[PDB]
Amino acid sequence: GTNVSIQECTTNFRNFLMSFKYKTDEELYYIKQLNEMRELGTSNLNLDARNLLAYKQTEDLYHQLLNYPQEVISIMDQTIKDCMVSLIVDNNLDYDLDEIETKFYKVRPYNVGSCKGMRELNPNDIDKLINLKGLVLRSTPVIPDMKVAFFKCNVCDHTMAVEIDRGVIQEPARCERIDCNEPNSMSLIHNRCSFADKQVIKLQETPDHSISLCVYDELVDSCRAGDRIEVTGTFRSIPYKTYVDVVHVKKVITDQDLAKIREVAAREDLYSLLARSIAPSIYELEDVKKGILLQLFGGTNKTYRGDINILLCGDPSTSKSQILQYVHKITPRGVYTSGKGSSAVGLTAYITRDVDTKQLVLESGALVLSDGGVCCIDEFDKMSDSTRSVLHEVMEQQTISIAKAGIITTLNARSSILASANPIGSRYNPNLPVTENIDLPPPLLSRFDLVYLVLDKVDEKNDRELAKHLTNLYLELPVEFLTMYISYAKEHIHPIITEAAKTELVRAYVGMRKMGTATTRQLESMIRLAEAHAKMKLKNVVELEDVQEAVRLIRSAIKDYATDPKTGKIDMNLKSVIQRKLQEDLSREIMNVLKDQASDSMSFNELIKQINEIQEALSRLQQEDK
Amino acid sequence: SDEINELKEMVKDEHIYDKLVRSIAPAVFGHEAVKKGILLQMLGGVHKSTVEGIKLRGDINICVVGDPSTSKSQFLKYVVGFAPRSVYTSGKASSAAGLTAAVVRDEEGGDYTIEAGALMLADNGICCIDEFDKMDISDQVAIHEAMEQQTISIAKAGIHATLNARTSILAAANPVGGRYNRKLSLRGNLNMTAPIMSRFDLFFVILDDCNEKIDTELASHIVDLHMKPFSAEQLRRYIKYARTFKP
Ligand SMILES: Nc1ncnc2c1ncn2[C@@H]1O[C@H](COP(=O)(O)OP(=O)(O)O)[C@@H](O)[C@H]1O
Ligand SMILES: Nc1ncnc2c1ncn2[C@@H]1O[C@H](COP(=O)(O)OP(=O)(O)O)[C@@H](O)[C@H]1O
Ligand SMILES: [Zn+2]
């Protein structure tokens, strides 16, 4: 039989349509939306199918409906028409009825509860209402589908209107006119018929493999290449290919979670706690932790993306592969690749025409597949030159333009790149300039945001610290909260740079400039990192402290303070006569100031603010009883 | 009458040339020489045919070389976004067949038929090529005939026709060592040979320097970009009138 009782189901949906509320949350939902829908000239209503799970009788309706969506939709069409007629003329609230009266409507539920997954669907689950998710790849051109047949009698020009019922064409046997009774005289005029748009769309599905969906009517060309899509429709296999008849398509936490986020954000050790909890297997490296976490936060996107890219140029025994392999798993899912094991086609795409589609199609590579996410590239120093040439336009415009035989098109590859590269030779050698220690040409090396020189120094004390950190770990914030925080910050905060924060950029860039490799590329980072820091703080604007911290992070990553300005070499060690002179002058000045004021003593904070605009000098003076 | 008046204001004013110079790619600060060059390239010279039948090329080619920091690609993007007909391409992505014309088997028969490459497309327009120095010489050579003869000649697989290639080539490139080796002269910093350099009516090499007064304003404007006379729509209207003159 049928699980849908026409009168019972229409009465139940009438009761739901007039009584639903979510639990200001107290106001009724469709009691408000009915007037708006009567105002609208639209031909369809997107039914909020999450309300079906929020209310009991509608959950029962879903369980009954799982096998018979079409009957309920067909009933709801007439129900919508009747409701419109009533609210217009029976309630005497409106008078525009004729076109609504004559036309046909539909309804599309868009938030139905999900099923058990595509591969788990059984042969009896065919023709059931289903809900799925994935990413769209390809689209077929508009294909007309027959609805009306226009037959003309080839001996008397009489015309008959014939329509298709359940995919059946019925050719009239004889002319219907009283005089003209010639059999088989009816003929079809191809271009006087009526058709409707049908389109096949390819979708890479991920159950809660690729599935080729089918769409009809206004659903065509609403889904295009690269769309992030959730599907509500019918799973189909007919005498047997698997395909989905789409009924609606979607183009796209607790308050306790908000309380937890606020608590973690408010505590003063926020940065320290984040760095400490991101990677337990990697000890210390505060700057590297801050940089990679900032890359995960990302900058603000304006129309000017915020895709921060970081290069690790440490010694070839420091934990760097362990960080990237972990990032590949903790971040929202991306693609893990290696420069040595990649090619230009492997990153960008394979592109070719199609006979059936009559337009270009793409076999997406990892670099384009990472659109909107994060990609990891080990062996960045070993990437082929032709492949490296792709990175240029990717990092400069987030696009890839190709012009070859019969194909001229551009593809978007907006993604963040985290890369590791061993130094030239078996180890980093500070006896050579820092530029000469990296095997990347200046045009590619100069456009990164952060480059980290994670060197290894042999020292018994630090070796003991690391060994005691590691050896006791394998005896015998959670990642869920970390991902929750990362998603929330990207979801909500859009920080704007303040005037004071803007002003310091000029001085910082000029200071980096006057020590001349301080190209204009690093000035992009001087805002990209600042916006990411503001997002991490969850502050709605970029603070001057955020800018100063970003500048400090860049300086520490590059390690300019330990870098020789004359030859680019690095000091190994990073009591001096300049230290002695500074301490002596500071002690003299504070000794003068502490008694120049009309008091025998003063607070040390006020003295520090007066002089710096210290502790060792005052401690030594106290040792001398001054 | 109103259309004529609007187009007339842009022509009958004393300072229109400087106004149009200061209007190409308003996002890119400075670099006024390239702004003049692109403006002149968009209004290429009158084509002439000799009474002997020999034709004189009228389109203007431009090449720009700069350090990896100076914004040389934004000019190419502005041109392809503004030109009525334009094609953008990359030096390494492009190939010989993809620029001039492709010899491909045709439908409805067993004979061959051409397909339009990057140069045949946007004919009577501006073609933009980025990373020009990265191009292989074997596929740089094929651009020469379009650059000087405004034609594409094919003698391959049953096709022996000569095709129109009236296009203005705009290119961007980098010095041989990426950075401008300011120790040496212009002769040693470029890998381009004389035959291809001779075919550019305009040629600019722009550099970077640590001048504080320049870098301060550069930083201010490139930060304003990330913070946020004649409009770009009017320039196409002006060019549609200007291009027809024959001085
Ligand atoms: N700070 C560290 N913490 C944990 N493991 C480390 C650390 N430094 C080195 N290792 C170990 O040394 C090994 C070498 O890894 P790594 O240096 O990242 O790559 P590669 O072997 O290519 O140099 C890894 O197995 C890693 O576990
Ligand atoms: N005068 C300028 N005005 C605004 N932005 C600039 C200027 N000069 C350089 N830039 C910035 O510097 C970057 C330079 O990139 P570019 O040199 O074009 O890369 P490529 O050399 O690969 O073409 C651009 O993204 C641009 O935003
Ligand atoms: Zn008849």
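When the C-alpha to C-alpha distance is required to be over 21 Å, the pairs from A:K23/A:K133; B:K36/B:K213; A:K535/B:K77; A:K539/A:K609; A:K290/A:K329; A:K290/A:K490 that qualify are A:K23/A:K133; B:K36/B:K213; A:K535/B:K77; A:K539/A:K609.
Positive-end ranking of A:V390, A:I493, A:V361 along the dipole of the protein assembly as shown, with charges on Cβ about the Cα centre, is headed by A:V390. So if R0 is 60 Å, what FRET efficiency would B:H144 and A:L586 give, r being the distance between their Cβ atoms, rounded to the nearest 0.05? The calculated FRET efficiency here is 0.25.
Pairs of Cα atoms in the protein assembly as shown fall into 20 Å distance bins, from 0 up to the last occupied one, in shares of 11, 32, 34, 19, 4, 1, 0 percent. The antiparallel fraction among DSSP beta bridges confined to the protein assembly as shown stands at about 60%.
Taken over chain B, the convex hull of the Cα atoms encloses 194 Å³ per residue. Using only side-chain charges placed at the Cβ, +1 for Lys and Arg and -1 for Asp and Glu, the dipole size of chain B relative to its Cα centre rounds to 460 debye.
Taking the Cα centre of the stretch A:493-534 as origin and assigning +1 to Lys and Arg Cβ atoms and -1 to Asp and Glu Cβ atoms, the resulting dipole is close to 220 debye. Taken residue by residue and averaged, Cβ atoms of other chains lying within 10 Å of the Cβ of B:221-228 number 6.
Of the GluC sites (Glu not before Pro) found in the stretch A:83-128, the ones in coil according to DSSP and having at most 16 other Cβ atoms within 10 Å of their Cβ are A:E120.
Inter-chain neighbour count for B:92-104: the average number of beta-carbon atoms from partner chains within 10 Å of each residue's beta-carbon is 4.
Between B:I54 and B:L207, the contour length at 0.36 nm per residue exceeds the alpha carbon distance by 51.1 nm. Summarising the amide proton neighbourhood of A:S139: residues at separation of 5 or more, or on other chains, whose placed amide H is nearer than 5 Å comprise A:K202. Quote the FRET efficiency, to the nearest 0.05, computed for A:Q325 versus A:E284 with a Förster distance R0 of 22 Å and r equal to the Cβ-Cβ distance. Calculated transfer efficiency: 0.70. With each label modelled as a point 7 angstrom along the Cα→C-beta vector, the A:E499-A:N92 pair spans 6.2 nm. Taking label positions 7 Å along the Cα-Cβ direction at both A:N67 and B:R243, the computed distance is 6.8 nm, reported to one decimal. With the highest mean first, a sort of the peptides B:126-136, B:192-202 on other beta-carbon atoms found within 10 angstrom per residue produces B:126-136, B:192-202.
Ordering of A:130-141, A:160-171, B:205-216 by packing is A:130-141, B:205-216, A:160-171, highest average first (other Cβ atoms within 10 Å, averaged per residue). Across peptide B:208-219, the mean count of Cβ atoms from other chains lying within 10 Å of each residue's own Cβ comes to 4.
Residues A:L347, A:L28, ranked from the fewest to the most other C-beta atoms within 10 Å, line up as A:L28, A:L347.
Taking every alpha-carbon pair within the stretch B:1-67, the share separated by more than 16 Å comes to 64 percent. In this rough spin-label picture, where each label sits 7 Å from Cα along the Cβ direction, the A:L258-A:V510 distance is 4.5 nm. Ordering of A:372-383, A:504-515 by packing is A:372-383, A:504-515, highest average first (other Cβ atoms within 10 Å, averaged per residue).
Can you tell me the dipole magnitude for the protein assembly as shown around its Cα centre, using point charges on the Cβ only (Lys, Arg +1; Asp, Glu -1), in Debye to the nearest 20?
That gives the protein assembly as shown a dipole magnitude of about 2180 debye.
Residues whose amide H falls under 5 Å from that of A:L47, counting only those 5 or more places apart or on a different chain, are A:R108, A:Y110, with hydrogens built in the peptide plane. Sorting B:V11, A:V345 from the fewest to the most surrounding beta carbons within 10 angstrom yields B:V11, A:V345.
When each of B:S94, B:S220 is scored by the number of other beta-carbon atoms lying within 10 Å, the sequence from fewest to most is B:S220, B:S94. Among the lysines, which fall within straight-line cross-link reach of A:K152, defined as a Cα-Cα distance under 24 Å, with same-chain neighbours fewer than 8 residues apart omitted? Correct list for A:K152: empty, as no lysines qualify.
If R0 equals 25 Å, the separation of the Cβ atoms of B:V104 and A:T399 corresponds to a calculated FRET efficiency of about 0.40.
Since only B:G91, A:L470, A:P332 are under comparison, the one whose Cα sits farthest along the positive direction of the charge dipole of the protein assembly as shown, derived from C-beta charges on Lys, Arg, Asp and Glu, is B:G91. Computed from phi, the 3J(HN,Hα) profile of the stretch A:134-150 under the Karplus parametrisation 6.51, -1.76, 1.60 (θ = phi - 60°) reads x, 10, 8, 10, 10, 9, 8, x, 5, 10, x, 10, 5, 10, 10, 10, 10 Hz, with x in place of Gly and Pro.
Considering only A:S272, A:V541, A:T567, and ranking their Cα positions along the charge dipole of chain A that arises from unit charges at the beta-carbon of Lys, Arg, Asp and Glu, the one farthest toward the positive end is A:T567. Our helix-only sum for the protein assembly as shown, with -39,500 (n - 2.57) per DSSP H run of n ≥ 4 divided by its residues, gives a mean residue ellipticity at 222 nm of -10500 deg cm²/dmol.
Note that we place each Cβ from the backbone using ideal geometry, even for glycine, and neighbour counts take in every protein chain shown. Values quoted throughout were computed directly from the atomic coordinates according to the rules given, and no laboratory measurement underlies them.
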